[PDB]
Amino acid sequence: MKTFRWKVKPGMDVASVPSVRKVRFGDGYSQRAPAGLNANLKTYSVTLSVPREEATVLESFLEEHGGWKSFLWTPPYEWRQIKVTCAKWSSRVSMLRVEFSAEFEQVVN
Amino acid sequence: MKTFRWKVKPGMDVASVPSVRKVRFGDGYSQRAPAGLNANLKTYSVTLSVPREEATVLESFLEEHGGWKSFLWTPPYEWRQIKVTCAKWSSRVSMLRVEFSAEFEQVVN
Amino acid sequence: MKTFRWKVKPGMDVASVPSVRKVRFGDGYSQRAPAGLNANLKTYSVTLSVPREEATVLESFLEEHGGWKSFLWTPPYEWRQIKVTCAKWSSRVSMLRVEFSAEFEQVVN
Amino acid sequence: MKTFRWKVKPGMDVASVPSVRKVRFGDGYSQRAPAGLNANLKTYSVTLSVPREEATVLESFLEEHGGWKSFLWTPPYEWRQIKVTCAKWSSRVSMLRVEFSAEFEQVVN
Amino acid sequence: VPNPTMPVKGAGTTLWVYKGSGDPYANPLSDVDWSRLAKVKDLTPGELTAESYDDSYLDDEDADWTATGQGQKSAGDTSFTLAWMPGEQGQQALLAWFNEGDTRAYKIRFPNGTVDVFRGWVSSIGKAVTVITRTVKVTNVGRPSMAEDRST
Amino acid sequence: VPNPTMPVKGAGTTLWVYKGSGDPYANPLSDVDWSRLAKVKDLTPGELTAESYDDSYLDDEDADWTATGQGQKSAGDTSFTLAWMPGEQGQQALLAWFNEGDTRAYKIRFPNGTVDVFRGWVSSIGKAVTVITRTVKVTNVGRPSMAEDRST
Amino acid sequence: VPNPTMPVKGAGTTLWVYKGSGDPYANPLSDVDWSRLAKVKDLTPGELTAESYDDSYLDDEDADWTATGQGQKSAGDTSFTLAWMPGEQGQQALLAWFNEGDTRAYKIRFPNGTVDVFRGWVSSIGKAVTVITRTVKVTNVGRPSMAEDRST
Amino acid sequence: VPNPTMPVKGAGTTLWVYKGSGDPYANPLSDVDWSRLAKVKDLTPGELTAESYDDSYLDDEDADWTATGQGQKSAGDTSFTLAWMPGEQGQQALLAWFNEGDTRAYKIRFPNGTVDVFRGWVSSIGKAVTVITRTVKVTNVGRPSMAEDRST
Amino acid sequence: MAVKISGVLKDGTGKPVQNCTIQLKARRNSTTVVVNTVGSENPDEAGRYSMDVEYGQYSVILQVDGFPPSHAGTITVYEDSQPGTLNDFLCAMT
Amino acid sequence: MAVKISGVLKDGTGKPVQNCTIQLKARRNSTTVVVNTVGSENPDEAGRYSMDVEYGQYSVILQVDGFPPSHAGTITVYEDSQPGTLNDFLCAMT
Amino acid sequence: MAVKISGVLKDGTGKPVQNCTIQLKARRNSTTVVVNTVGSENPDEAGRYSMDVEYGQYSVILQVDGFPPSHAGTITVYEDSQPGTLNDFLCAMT
């Protein structure tokens with residue numbers, strides 16, 4: 001398992017939708033259950049900007065994993081060494097720098 | 001087999017969604033597979049701007065292939081030369097320069 | 001068959017989508033066919049702005065053809081003379097001039 | 001059958017979609033027919049702005065016909081004295097003036 | 001001697017406001033009905049602007065040269081400062097006109113002999129507290145009649 | 001002696017407006033038909049500007065340096081201040097032109113002997129009340145034929 | 001004596017424009033092919049700006065301080081006013097160049113002895129009617145070769 | 001005598017640019033490596049501004065009074081004008097720095113005895129044609145070390 | 001009277017140009033022609049054109065199945081002219 | 001009269017250009033060629049071109065499938081010109 | 001006549017570089033080469049290249065599947081040069 005040591009620009013977004021077993025009744029009393037064990041799985045939206053020289057290197061690294069292989073990554077300042085996979089990324093080549101916008105979905109081993 | 005040599009304006013976009021076989025189990029354990037062998041095929045959004053004199057030339061070249069023929073094209077700075085087909089294009093003719101917007105979908109042999 | 005000598009304001013788009021036959025497979029190798037002989041049929045958006053005095057006249061012309069009669073027209077520039085029909089004309093009467101934003105669809109004889 | 005002599009603010013919108021009988025063949029040869037004898041019926045989008053004093057009078061007149069009775073109305077400068085009906089109207093009441101934004105759909109006898 | 005075709009210094013430049021009922025454009029040369037405003041310090045008449053509409057076309061022989069026409073001309077804004085003087089009925093009626101707020105007609109006369117007539121509504125009333133003066137400006141509405149139309 | 005190759009103060013600089021029909025560009029040296037305007041206080045001629053379009057490309061051999069070209073050049077706006085002459089026919093014609101509002105051609109003549117011809121429509125009319133002057137501003141349309149095009 | 005390392009007052013500061021075909025940067029010191037512009041009233045050369053791109057990062061060890069780098073530097077706009085002259089061939093060529101509108105190269109020479117070459121396209125042609133002067137400005141495109149490269 | 005606790009006119013105010021490798025913040029008092037710029041006409045140093053962020057809260061026991069905190073402080077832009085010195089190596093190095101475009105460190109010295117060190121990249125290069133001067137502006141990046149941090 | 005204007009129009013390669021359309025655009029009111037009136041003529045495959053044009057001031061317009069109107073210039077027909085080719089008026093000293 | 005222009009066009013590496021087309025645009029109206037008219041011709045598989053051009057001033061354009069149309073230059077054919085390849089007119093002193 | 005330029009193209013590690021493409025962009029019209037004409041050459045597996053280059057001014061451009069078009073420089077072929085390698089032309093005094 002490789003890692004991901006590229007730096008991340010400000011504006012990274014984090015989303016969290018834990019899974020629960022909602023079921024609705026007359027006046028509340030909506031019983032709740034924690035569903036699975038590791039219910040919640042954070043989803044990250046990551047933006048980077050690199051000069052065109054190493055854009056090919058980054059693209060090759062992301063292509064090597066495809067959308068089926070996991071790799072270690074440390075979210076900035078966060079106390080967890082999570083494992084994450086990505087399946088959507090785009091790049092805006094303009095003249096000198098290219099900015100990558102990618103999404104990173106957390107997954108257990 | 002023709003080729004492509006028209007230069008491209010800044011702001012060109014590229015997107016890539018690798019087709020994977022995702023199946024989620026009880027608690028994570030999400031089985032993932034690469035699906036097809038060469039699953040990752042990029043799609044580019046390309047804009048040009050040419051004076052009206054060669055608008056006919058570009059339109060005729062784009063018409064010759066229709067939407068069923070592939071032509072070799074080397075994306076800017078990228079290493080591998082690819083073959084691509086397109087099926088949608090539009091233009092704005094203002095007074096002197098017509099600007100072209102199209103999408104180029106990479107296809108295998 | 002009548003003609004259309006009215007002049008068109010800048011901003012026309014020439015959006016075109018040819019008709020092909022797609023059929024998709026795992027690692028591509030998708031076959032392509034040119035479908036009919038006259039695959040492509042351009043679709044223009046014509047914008048005009050005339051003083052109110054003669055506006056009615058143009059309306060009557062577009063009323064005479066309705067949406068079922070084709071008329072010859074020469075798009076500005078481009079080595080072609082085509083026959084077009086229109087069915088979605090619209091006008092904005094404000095004070096002295098009225099601008100028409102109609103749509104023109106190519107049709108073979 | 002009443003009439004409509006209230007002033008109309010600039011920016012009136014006009015729409016017209018003729019009803020046609022479209023059927024397409026292999027290579028064009030598209031049969032087209034005018035459908036009904038009087039197919040296209042223009043629909044207007046008309047806005048007014050009056051002080052509050054006679055807003056009640058306008059509302060009462062619009063209420064009298066309901067959404068079923070028709071009334072004669074002459075479009076500005078237009079060569080026809082058509083009869084129209086409306087079924088939607090709204091007002092933005094302020095402390096000095098109120099503005100009405102209604103739609104007038106042309107119907108024949 | 002007051003007559004055109006030679007320049008005038010512009011010493012008098014009286015200002016009148018309509019009070020009666022009738023057509024102001026019928027004959028502005030007679031002051032039989034309008035009231036004069038007294039001791040105007042300075043005056044700036046409105047300017048008759050226009051508006052430019054696009055005329056550039058695709059198939060025209062001439063390219064790379066913008067083409068623009070004229071449409072929807074409008075009148076300007078007039079302004080003038082008088083010596084603040086609530087005693088006289090002139091600015092009393094002016095302030096009553098502002099408070100009630102209706103369009104009214106007025107004229108400017110010249111030592112040359114020709115008169116200019118405008119119609120509009122007032123939009124501001126100012127003041128100063130050093131040699132007290134009242135500044136008032138109006139915005140015109142509709143077509144004014146210039147002095148040239150009368151000279152023909 | 002009026003001729004180029006030595007700079008000129010530019011004292012006369014007469015102003016003319018076309019009245020008749022034909023081609024103003026055919027022979028602007030002939031003042032057979034054009035009407036002169038008298039006692040111009042100040043004049044500012046038009047400013048023939050242009051517009052810039054982007055020319056940078058992905059595969060350009062010289063990066064980190066912006067590139068642009070010129071397109072759709074446009075004429076400027078002319079302004080002139082005259083002594084307010086409600087009697088002289090030229091001013092009446094000018095105001096009638098503004099009121100009716102059609103494109104008209106005019107010229108300015110220099111003491112060096114050459115003439116400059118524009119065409120456009122008037123958009124602004126102003127006035128003053130101390131030594132009365134009238135300010136007229138026009139906007140050109142289409143390509144003007146400069147003095148250089150005639151000098152060859 | 002013309003030599004660097006000492007300041008120069010800048011009396012001559014001639015301006016030349018290219019006419020022939022070749023590489024302007026091959027040897028700007030030779031004036032065999034370029035045509036001089038005569039009696040320039042004043043000149044303002046373009047300034048070489050840049051663009052600032054963001055560089056701050058989440059894991060960057062130093063916070064509370066912005067980080068910005070430089071990219072996409074561009075040349076400026078040159079302007080100069082001279083005596084309006086419809087006779088000399090230089091201004092004829094200048095106006096023909098504007099009307100046809102293509103990128104062209106030019107240079108400015110200093111009394112010190114070093115020359116500066118730019119390339120661009122012209123975008124304005126002004127005028128004045130008090131001691132007639134013509135003001136003209138161009139916008140540059142591509143890399144200009146500064147005077148500090150020839151000295152090495 | 002160069003020593004604080006008495007204000008200084010600031011006549012000398014030398015300017016230096018780093019040329020070597022190492023830590024410019026280690027010992028700016030040693031001018032062993034840095035290169036001096038000659039004949040600075042005028043100088044304006046950077047402005048260490050900050051940014052304001054909202055700090056108002058719903059349940060605060062004091063209302064109707066805004067509360068903003070400070071964050072993300074940034075350095076300003078330095079500017080200086082020199083006598084155009086193409087012969088001197090300092091200006092050649094400065095222009096090479098502009099062309100190649102990397103972050104570089106520099107300092108300004110005072111007759112008081114202490115020095116101020118900044119780091120950044122240049123962004124503008126200007127010129128004049130009457131007593132030629134070159135105007136150069138730079139933008140800093142990252143935290144600078146003020147003179148106070150050295151006096152302690 | 002109508003003066004005879006006939007000839008063959010060739011491109012710059014000495015080959016007849018087909019799919020041609022020449023238009024005459026009146027600029028002024030004449031004895032028998034109203035201003036702002038157009039007159040069209042389509043030559044044959046050999047490039048031969050033949051017209052009986054009236055006297056007055058005209059502007060010539062050329063369209064080749066997609067060429068924009070090529071304003072080759074204005075022609076004038078006055079009451080001593082002799083029959084010839086269209087290009088003669090374009091090249092005639094005005 | 002029209003002058004004959006024949007030759008072979010190649011590239012820097014001594015190879016013929018394929019799928020090419022030479023176009024001549026008349027920038028000036030003449031007694032035999034109308035202004036803003038283009039004459040086009042495509043060479044053979046060996047790059048040999050042979051065409052009879054009319055006198056006048058023309059702009060020459062090279063077209064290749066895929067590449068943007070290149071503006072090779074401007075040529076002038078007088079009445080005293082002699083037959084030769086198209087390149088000689090390009091390199092002729094102007 | 002065309003000078004024969006032959007040699008072996010290597011990278012900085014003394015190794016052949018594959019998937020190459022050497023082209024010459026014409027900058028000035030010559031006696032036998034038209035301005036703005038390109039000629040491609042693909043070397044073998046061992047990096048051997050050999051071209052027949054006509055005299056004149058060119059810009060040598062080295063396109064690899066990777067780095068964008070690489071401008072090693074402009075090259076000049078007078079009528080006194082001898083056959084050799086391309087690096088000599090790049091390193092030659094101009």
# chains A, B, ... in the order shown; residues from 1 in each chain; ligands from 1
$ residues_around --residues "stretch 38-46 of chain E" --least-positions-apart "4" --cutoff "7 Å" --atoms "only C-alpha atoms" --output "number ranges by chain"
E: 75-83; F: 127-129
$ write_last_selection --atoms "N, CA and C atoms" --output "PDB file, in the first residue's frame"
ATOM      1  N   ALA E  75     -34.494  64.093 -21.623  1.00  0.00           N
ATOM      2  CA  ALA E  75     -34.087  65.381 -21.089  1.00  0.00           C
ATOM      3  C   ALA E  75     -33.185  65.189 -19.873  1.00  0.00           C
ATOM      4  N   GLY E  76     -32.561  66.285 -19.441  1.00  0.00           N
ATOM      5  CA  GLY E  76     -31.626  66.260 -18.340  1.00  0.00           C
ATOM      6  C   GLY E  76     -32.252  66.679 -17.022  1.00  0.00           C
ATOM      7  N   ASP E  77     -31.396  67.170 -16.131  1.00  0.00           N
ATOM      8  CA  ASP E  77     -31.801  67.682 -14.830  1.00  0.00           C
ATOM      9  C   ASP E  77     -31.400  69.145 -14.718  1.00  0.00           C
ATOM     10  N   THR E  78     -32.331  69.982 -14.275  1.00  0.00           N
ATOM     11  CA  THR E  78     -32.067  71.398 -14.063  1.00  0.00           C
ATOM     12  C   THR E  78     -31.804  71.645 -12.585  1.00  0.00           C
ATOM     13  N   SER E  79     -30.928  72.600 -12.285  1.00  0.00           N
ATOM     14  CA  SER E  79     -30.642  72.943 -10.900  1.00  0.00           C
ATOM     15  C   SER E  79     -30.446  74.445 -10.781  1.00  0.00           C
ATOM     16  N   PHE E  80     -30.794  74.993  -9.619  1.00  0.00           N
ATOM     17  CA  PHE E  80     -30.583  76.416  -9.399  1.00  0.00           C
ATOM     18  C   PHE E  80     -30.600  76.710  -7.908  1.00  0.00           C
ATOM     19  N   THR E  81     -29.828  77.722  -7.519  1.00  0.00           N
ATOM     20  CA  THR E  81     -29.733  78.146  -6.129  1.00  0.00           C
ATOM     21  C   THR E  81     -30.240  79.573  -6.003  1.00  0.00           C
ATOM     22  N   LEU E  82     -31.152  79.791  -5.066  1.00  0.00           N
ATOM     23  CA  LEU E  82     -31.686  81.110  -4.768  1.00  0.00           C
ATOM     24  C   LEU E  82     -31.278  81.524  -3.361  1.00  0.00           C
ATOM     25  N   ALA E  83     -31.536  82.787  -3.042  1.00  0.00           N
ATOM     26  CA  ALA E  83     -31.357  83.281  -1.681  1.00  0.00           C
ATOM     27  C   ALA E  83     -32.574  82.845  -0.878  1.00  0.00           C
TER      28      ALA E  83
ATOM     29  N   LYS F 127     -25.595  73.627 -22.192  1.00  0.00           N
ATOM     30  CA  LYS F 127     -25.703  75.081 -22.161  1.00  0.00           C
ATOM     31  C   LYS F 127     -25.049  75.619 -20.895  1.00  0.00           C
ATOM     32  N   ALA F 128     -24.790  76.927 -20.906  1.00  0.00           N
ATOM     33  CA  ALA F 128     -24.269  77.657 -19.757  1.00  0.00           C
ATOM     34  C   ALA F 128     -24.983  79.001 -19.676  1.00  0.00           C
ATOM     35  N   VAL F 129     -24.877  79.659 -18.520  1.00  0.00           N
ATOM     36  CA  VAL F 129     -25.634  80.880 -18.277  1.00  0.00           C
ATOM     37  C   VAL F 129     -24.738  82.076 -17.980  1.00  0.00           C
TER      38      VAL F 129
END
$ select_by_dssp --residues "stretch 15-142 of chain H" --states "alpha helix (DSSP H)" --output "MDAnalysis selection string"
chainID H and resid 89:100
$ write_last_selection --atoms "C-alpha atoms" --output "PDB file, in the first residue's frame"
ATOM      1  CA  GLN H  89      25.835  44.306 -12.218  1.00  0.00           C
ATOM      2  CA  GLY H  90      23.157  44.933  -9.587  1.00  0.00           C
ATOM      3  CA  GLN H  91      20.502  45.965 -12.095  1.00  0.00           C
ATOM      4  CA  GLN H  92      21.483  43.090 -14.391  1.00  0.00           C
ATOM      5  CA  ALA H  93      20.979  40.650 -11.519  1.00  0.00           C
ATOM      6  CA  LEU H  94      17.674  42.314 -10.611  1.00  0.00           C
ATOM      7  CA  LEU H  95      16.340  41.974 -14.149  1.00  0.00           C
ATOM      8  CA  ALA H  96      17.549  38.370 -14.376  1.00  0.00           C
ATOM      9  CA  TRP H  97      15.689  37.720 -11.121  1.00  0.00           C
ATOM     10  CA  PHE H  98      12.546  39.233 -12.635  1.00  0.00           C
ATOM     11  CA  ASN H  99      12.866  37.176 -15.813  1.00  0.00           C
ATOM     12  CA  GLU H 100      13.564  33.812 -14.183  1.00  0.00           C
TER      13      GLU H 100
END
$ select_by_dssp --residues "stretch 35-94 of chain C" --states "strand (DSSP E or B)" --output "list in words"
residues 43, 44, 45, 46, 47, 48, 49, 50, 51, 71, 72, 73, 82, 83, 84, 85, 86, 90, 91, 92 and 93 of chain C
$ write_last_selection --atoms "C-alpha atoms" --output "PDB file, in the first residue's frame"
ATOM      1  CA  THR C  43     -29.759  23.937 -36.043  1.00  0.00           C
ATOM      2  CA  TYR C  44     -29.338  27.718 -35.952  1.00  0.00           C
ATOM      3  CA  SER C  45     -30.582  30.331 -33.502  1.00  0.00           C
ATOM      4  CA  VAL C  46     -31.303  33.534 -35.414  1.00  0.00           C
ATOM      5  CA  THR C  47     -31.502  36.872 -33.609  1.00  0.00           C
ATOM      6  CA  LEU C  48     -32.826  40.023 -35.268  1.00  0.00           C
ATOM      7  CA  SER C  49     -33.654  43.535 -34.079  1.00  0.00           C
ATOM      8  CA  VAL C  50     -35.879  45.698 -36.274  1.00  0.00           C
ATOM      9  CA  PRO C  51     -37.735  48.971 -35.628  1.00  0.00           C
ATOM     10  CA  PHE C  71     -37.842  28.311 -47.384  1.00  0.00           C
ATOM     11  CA  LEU C  72     -34.409  28.846 -48.878  1.00  0.00           C
ATOM     12  CA  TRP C  73     -31.822  30.695 -46.825  1.00  0.00           C
ATOM     13  CA  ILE C  82     -29.835  25.522 -47.469  1.00  0.00           C
ATOM     14  CA  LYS C  83     -33.571  25.154 -46.909  1.00  0.00           C
ATOM     15  CA  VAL C  84     -34.870  25.800 -43.408  1.00  0.00           C
ATOM     16  CA  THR C  85     -38.051  25.725 -41.337  1.00  0.00           C
ATOM     17  CA  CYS C  86     -38.830  27.634 -38.144  1.00  0.00           C
ATOM     18  CA  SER C  90     -40.494  35.055 -30.224  1.00  0.00           C
ATOM     19  CA  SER C  91     -40.395  38.842 -29.961  1.00  0.00           C
ATOM     20  CA  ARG C  92     -39.600  41.444 -27.293  1.00  0.00           C
ATOM     21  CA  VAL C  93     -41.396  44.736 -27.961  1.00  0.00           C
TER      22      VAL C  93
END
$ closest_residue --among "C:14, C:33, C:1, C:23" --to "residue B:98" --atoms "only C-alpha atoms"
C:14
$ calpha_fit_rmsd --fixed "chain C" --moving "chain B"
0.6 Å
$ decode --residues "stretch 68-97 of chain E" --atoms "N, CA and C atoms" --output "short mmCIF file (atom, residue, chain, number, x, y, z; two decimals), in the first residue's frame"
data_model
loop_
_atom_site.label_atom_id
_atom_site.label_comp_id
_atom_site.auth_asym_id
_atom_site.auth_seq_id
_atom_site.Cartn_x
_atom_site.Cartn_y
_atom_site.Cartn_z
N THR E 68 -23.38 52.10 -34.61
CA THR E 68 -24.31 52.39 -33.52
C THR E 68 -25.24 53.52 -33.93
N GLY E 69 -26.53 53.35 -33.67
CA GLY E 69 -27.52 54.36 -33.94
C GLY E 69 -28.07 54.99 -32.67
N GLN E 70 -29.01 55.91 -32.86
CA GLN E 70 -29.57 56.70 -31.77
C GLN E 70 -31.03 56.35 -31.55
N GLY E 71 -31.44 56.28 -30.29
CA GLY E 71 -32.83 56.04 -29.94
C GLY E 71 -33.14 56.35 -28.49
N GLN E 72 -34.39 56.73 -28.21
CA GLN E 72 -34.85 57.04 -26.86
C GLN E 72 -34.03 58.18 -26.24
N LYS E 73 -34.16 59.36 -26.82
CA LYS E 73 -33.53 60.54 -26.24
C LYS E 73 -34.32 61.00 -25.02
N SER E 74 -33.60 61.58 -24.06
CA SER E 74 -34.20 62.01 -22.80
C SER E 74 -33.69 63.38 -22.41
N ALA E 75 -34.49 64.09 -21.62
CA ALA E 75 -34.09 65.38 -21.09
C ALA E 75 -33.18 65.19 -19.87
N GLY E 76 -32.56 66.28 -19.44
CA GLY E 76 -31.63 66.26 -18.34
C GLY E 76 -32.25 66.68 -17.02
N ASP E 77 -31.40 67.17 -16.13
CA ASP E 77 -31.80 67.68 -14.83
C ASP E 77 -31.40 69.14 -14.72
N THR E 78 -32.33 69.98 -14.27
CA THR E 78 -32.07 71.40 -14.06
C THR E 78 -31.80 71.64 -12.58
N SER E 79 -30.93 72.60 -12.28
CA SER E 79 -30.64 72.94 -10.90
C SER E 79 -30.45 74.45 -10.78
N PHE E 80 -30.79 74.99 -9.62
CA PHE E 80 -30.58 76.42 -9.40
C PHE E 80 -30.60 76.71 -7.91
N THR E 81 -29.83 77.72 -7.52
CA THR E 81 -29.73 78.15 -6.13
C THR E 81 -30.24 79.57 -6.00
N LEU E 82 -31.15 79.79 -5.07
CA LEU E 82 -31.69 81.11 -4.77
C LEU E 82 -31.28 81.52 -3.36
N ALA E 83 -31.54 82.79 -3.04
CA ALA E 83 -31.36 83.28 -1.68
C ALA E 83 -32.57 82.84 -0.88
N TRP E 84 -32.35 82.00 0.13
CA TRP E 84 -33.43 81.44 0.93
C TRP E 84 -34.33 82.54 1.47
N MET E 85 -35.62 82.50 1.11
CA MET E 85 -36.52 83.62 1.36
C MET E 85 -37.94 83.10 1.47
N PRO E 86 -38.31 82.56 2.64
CA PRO E 86 -39.66 81.98 2.78
C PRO E 86 -40.78 83.01 2.73
N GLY E 87 -40.48 84.30 2.82
CA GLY E 87 -41.54 85.30 2.81
C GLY E 87 -42.28 85.37 1.48
N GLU E 88 -41.54 85.33 0.38
CA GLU E 88 -42.15 85.47 -0.94
C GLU E 88 -42.95 84.22 -1.30
N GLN E 89 -44.04 84.44 -2.04
CA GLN E 89 -44.92 83.34 -2.42
C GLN E 89 -44.29 82.39 -3.42
N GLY E 90 -43.23 82.81 -4.10
CA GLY E 90 -42.59 81.99 -5.11
C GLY E 90 -42.09 80.66 -4.58
N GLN E 91 -41.10 80.68 -3.69
CA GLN E 91 -40.61 79.43 -3.14
C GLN E 91 -41.58 78.79 -2.16
N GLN E 92 -42.54 79.53 -1.62
CA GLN E 92 -43.63 78.89 -0.89
C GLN E 92 -44.40 77.94 -1.80
N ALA E 93 -44.80 78.44 -2.97
CA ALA E 93 -45.47 77.59 -3.95
C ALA E 93 -44.54 76.49 -4.45
N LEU E 94 -43.24 76.78 -4.55
CA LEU E 94 -42.29 75.75 -4.96
C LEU E 94 -42.27 74.59 -3.97
N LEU E 95 -42.24 74.91 -2.67
CA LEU E 95 -42.21 73.86 -1.67
C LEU E 95 -43.54 73.13 -1.57
N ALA E 96 -44.65 73.85 -1.75
CA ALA E 96 -45.95 73.17 -1.80
C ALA E 96 -46.02 72.23 -2.99
N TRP E 97 -45.46 72.65 -4.12
CA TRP E 97 -45.38 71.79 -5.30
C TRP E 97 -44.55 70.55 -5.02
#
